[PDB]
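If you're matching them up, the sequences are chains W, R, V, G, A and S in order.
Residue numbering for the first sequence is 2 to 128, as defined by the UniProt record's numbering.
Residue numbering for the second sequence is 599 to 647, as defined by the UniProt record's numbering.
Residue numbering for the third sequence is 2 to 51, as defined by the UniProt record's numbering.
Residue numbering for the fourth sequence is 2 to 62, as defined by the UniProt record's numbering.
Residue numbering for the fifth sequence is 3 to 64, 83 to 112, as defined by the UniProt record's numbering.
Residue numbering for the sixth sequence is 53 to 104, as defined by the UniProt record's numbering.
Note that CB positions come from ideal geometry on N, CA and C, so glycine has one too.
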Amino acid sequence: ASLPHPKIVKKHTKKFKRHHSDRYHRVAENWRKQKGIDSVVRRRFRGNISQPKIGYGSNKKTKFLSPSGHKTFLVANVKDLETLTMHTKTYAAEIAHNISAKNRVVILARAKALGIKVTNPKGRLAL
Amino acid sequence: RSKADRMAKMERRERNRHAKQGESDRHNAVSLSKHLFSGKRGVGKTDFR
Amino acid sequence: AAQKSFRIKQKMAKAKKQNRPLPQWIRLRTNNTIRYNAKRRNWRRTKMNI
Amino acid sequence: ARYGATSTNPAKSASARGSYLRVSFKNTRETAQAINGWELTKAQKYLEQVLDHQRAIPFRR
Amino acid sequence: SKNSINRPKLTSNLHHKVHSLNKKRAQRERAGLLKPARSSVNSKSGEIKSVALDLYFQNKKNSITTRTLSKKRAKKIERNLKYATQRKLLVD
Amino acid sequence: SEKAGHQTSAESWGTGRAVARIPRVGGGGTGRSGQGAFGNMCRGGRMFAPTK
RNA sequence: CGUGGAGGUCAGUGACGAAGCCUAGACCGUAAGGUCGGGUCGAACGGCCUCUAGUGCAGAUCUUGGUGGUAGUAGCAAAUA
RNA sequence: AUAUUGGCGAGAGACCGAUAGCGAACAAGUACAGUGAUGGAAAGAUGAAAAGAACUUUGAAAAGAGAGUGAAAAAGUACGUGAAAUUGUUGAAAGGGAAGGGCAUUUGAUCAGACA
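Right, dumping it as structure tokens:
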């Protein structure tokens with residue numbers, strides 16, 4: 002269960018790779034605006050990669066919701082988790098990557114007690 | 599003495615794979631040789647036959 | 002060369018006495034960083050310039 | 002030592018290694034691929050025949 | 003083709019390819035190299051995937085060695101499991 | 053140091069030399085000789101706008 | 001949006017594993033990027049408010065280092081054996 | 001009272017962190033080069049402790065396989081971590097004179113989430 006929302010539509014599901022990120026290892030896939038005066042990518046020719054522009058902005062009513070319908074919140078300890086006690090249908094706590102296993106089981110205990118959804122409960126747990 | 603011989607033998611790996619003829623070969627090759635990059639040959643004589 | 006002067010012969014004698022690979026017991030000392038004779042010389046392989 | 006990929010039972014298997022080994026790498030890749038998956042005795046016989054010029058290592062790459 | 007215009011060539015190759023492709027796929031599926039169904043008891047959907055953990059429990063249950089468990093990680097898993105068993109011991 | 057990257061003796065190799073025209077260390081027998089010398093882009097060269 | 005260092009704060013994270021690295025495993029962002037899972041690792045490192053700057057690379061016949069194809073190729077045929 | 005990139009002795013730093021900081025963190029003005037004046041580098045990291053792998057076995061030997069030390073040899077004097085280029089093997093797949101990229105979907109492989 003989550004706070005009600007419409008369908009989560011993503012106007013561009015594919016990642017915006019950089020122009021020649023495939024041709025060269027030295028060119029990363031991190032997006033970069035092509036600044037060349039004769040860049041067919043910048044001039045927006047037919048048959049080239051799409052570039053980010055504000056038209057692809059997600060719906061404001063849905064912009065930060067995960068597929069479960071929650072906005073993700075990073076928690077590192079029980080104290081951080083309890084800030085979502087009154088916001089349980091609008092937020093789901095995600096446990097930070099560096100929280101140790103014992104502190105993670107403490108977090109899961111408190112989260113289940115408060116009913117807060119935890120995004121990655123499987124975590125470092127190898128019971 | 600066996601440990602000493604082992605360490606002496608196990609050290610020479612990097613020098614041998616550089617073909618360093620022992621401990622006495624410390625020939626250094628320059629990064630680039632300016633005589634190899636002659637310039638624009640064909641005017642006058644050139645730097646080599 | 003043959004028919005030397007004494008000064009040259011003394012410098013060559015120093016060079017001969019230095020023509021030594023590392024003594025092994027050096028390698029066994031505590032906190033030893035010396036592993037090879039980095040200042041080793043050879044007659045065909047680097048001249049000593051008198 | 003860490004071996005490469007391995008996909009057999011260790012109790013019923015045996016390993017051998019030679020490292021930093023002064024032989025041509027291309028030719029060794031051709032001769033090792035000539036005896037990949039072969040029966041061991043048959044592979045040894047085949048290599049002894051290769052020394053004897055009765056059979057040849059196929060050079061593929 | 004241009005020498006045999008009355009034989010299908012592309013279509014014959016595509017039929018042969020689809021036959022050989024799913025014969026190979028079925029061979030892989032029968033040997034079980036493919037992962038089981040999501041509803042299977044042997045599947046790991048929704049649960050963490052770890053080569054090290056799988057090898058540790060395969061050695062405890064008692083080969084593939086491209087997937088190898090280091091003695092370092094084996095000791096770490098044993099220690100973590102001791103902690104987890106102590107936690108279940110304080111639970112019960 | 054204001055002498056940092058400047059202590060090297062080097063001059064550009066000229067034009068038509070099939071190498072970049074950065075100053076290169078003269079002399080020989082050391083591996084350092086022939087290497088780009090002064091620019092900020094060069095290993096061992098000055099930093100851009102040395103901090104004063 | 002991101003990076004090195006500084007003041008403040010979370011009595012923040014951390015040997016029950018910090019950082020880093022690898023990963024057709026996941027998620028958020030139009031994007032800069034951010035988050036999580038697994039492996040590896042083994043000792044430190046983050047969020048926020050600010051301060052500061054040697055702060056972001058695809059190029060400069062860029063610099064230094066490393067590595068390929070070429071390629072098991074040219075070649076190892078002067079000086080009678 | 002003033003000056004002080006030298007010498008000697010100190011104390012600091014919003015500095016640099018091994019391609020940086022002095023050229024030099026290391027037997028660095030060393031190695032090396034040049035007749036000479038001069039030019040002038042590369043190079044730090046096993047582990048808490050060498051406990052640096054006794055012994056057996058295959059091999060002429062290097063080494064290999066066992067064994068063993070160590071918390072860990074996924075730390076073996078090529079040693080913390082161990083990227084990319086590049087390469088080997090394995091598994092999958094494609095290929096009738098490019099490869100790559102855009103949109104869409106087939107197919108195969110893989111994979112996350114939820115309880116009127």
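Of all the CB atoms in chain V, is at least one closer than 7 Å to the CB of residue i?
i: residue 645(R); result: no
i: residue 605(R); result: yes
i: residue 622(R); result: yes
i: residue 612(R); result: no
Nearest CA to the CA of residue i: which residue from the options?
i: residue 4(W); options: 96(W), 49(W), 62(W); result: 62(W)
i: residue 18(G); options: 52(G), 29(G), 4(G); result: 4(G)
i: residue 55(W); options: 91(W), 76(W), 13(W); result: 13(W)
i: residue 60(A); options: 6(G), 10(G), 2(G); result: 10(G)
i: residue 103(A); options: 87(W), 74(W), 28(W), 125(W); result: 125(W)
i: residue 54(A); options: 41(A), 93(A), 42(A), 36(A); result: 93(A)
i: residue 7(W); options: 74(W), 59(W), 41(W); result: 59(W)
i: residue 40(V); options: 635(R), 621(R), 636(R); result: 621(R)
i: residue 62(V); options: 623(R), 629(R), 606(R); result: No statement about residue 62(V) is possible, as the shown extent of chain V runs from 2 to 51 and does not include it.
i: residue 612(R); options: 36(V), 44(V), 43(V); result: 36(V)
i: residue 53(W); options: 78(W), 17(W), 104(W); result: 17(W)
i: residue 49(V); options: 22(V), 17(V), 28(V), 38(V); result: 17(V)
i: residue 99(A); options: 29(W), 24(W), 128(W), 100(W); result: 128(W)
Quick check: the Cα distance between residue i and residue j, rounded to an integer number of angstroms?
i: residue 33(A); j: residue 26(A); result: 11 Å
i: residue 72(W); j: residue 19(A); result: 47 Å
i: residue 33(G); j: residue 54(G); result: 17 Å
i: residue 88(W); j: residue 74(W); result: 11 Å
i: residue 96(A); j: residue 121(W); result: 22 Å
i: residue 623(R); j: residue 102(S); result: 39 Å
i: residue 37(A); j: residue 16(A); result: 27 Å
i: residue 31(A); j: residue 48(A); result: 22 Å
Does the CB of residue i have a neighbour CB from chain A at under 7 Å?
i: residue 6(G); result: yes
i: residue 28(G); result: no
i: residue 123(W); result: yes
Spatial neighbours of residue i within its chain, please: C-beta separation below 8 Å, excluding the five flanking residues on both sides.
i: residue 36(W); result: 43
i: residue 58(S); result: 90, 98
i: residue 57(W); result: 12, 13
For residue i, which residues from the same chain have a beta carbon less than 6 Å from its beta carbon, with the 5 sequence-adjacent residues on both sides left out?
i: residue 641(R); result: none
i: residue 50(A); result: none
i: residue 674(R); result: Any question about residue 674(R) goes unanswered here, given that chain R covers just 599 to 647.
i: residue 33(W); result: 19
Which chain A residues are close to residue i, counting only those with a beta carbon under 8 Å from its beta carbon?
i: residue 127(W); result: 50, 52, 55, 97, 100, 101, 104
i: residue 106(W); result: 107
Shorter than 7 Å from the beta carbon of residue i to some beta carbon of chain S?
i: residue 638(R); result: yes
i: residue 600(R); result: no
i: residue 628(R); result: yes
Mind listing the chain R neighbours of residue i? Cutoff is C-beta to C-beta under 7 Å, in chain order.
i: residue 70(S); result: 635
Step through the CB atoms of chain G and report whether any lies within less than 7 Å of the CB of residue i.
i: residue 90(A); result: no
i: residue 86(A); result: yes
Are any of the Cβ atoms in chain R nearer than 7 Å to that of residue i?
i: residue 61(S); result: no
i: residue 41(V); result: yes
i: residue 19(V); result: no
i: residue 28(V); result: yes
i: residue 64(S); result: no
i: residue 97(S); result: no
i: residue 8(V); result: no
i: residue 38(V); result: yes
i: residue 11(V); result: no
i: residue 53(S); result: no
i: residue 83(S); result: yes
i: residue 80(S); result: yes
i: residue 25(V); result: yes
So, for residue i: in the same chain, excluding its five sequence neighbours on each side, which residues have a beta-carbon less than 7 Å away from its beta-carbon?
i: residue 112(W); result: 82, 94, 119
i: residue 87(A); result: 53, 57
i: residue 8(V); result: none
Residues of chain G with CB under 7 Å from residue i, in chain order?
i: residue 41(A); result: Under the 7 Å cutoff, chain G gives no residues; its nearest Cβ is about 29 Å from residue 41(A).
Is the beta carbon of residue i within less than 6 Å of some heavy atom of the ligand MG?
i: residue 89(W); result: Judged by which ligands are present, the structure shown has none, so any question about the ligand MG falls away.
What does residue i reach in chain A if we use C-beta pairs closer than 7 Å?
i: residue 10(G); result: 83
Which bits of chain R does residue i rub up against, with CB to CB less than 9 Å?
i: residue 86(S); result: 628, 629, 630, 631, 632
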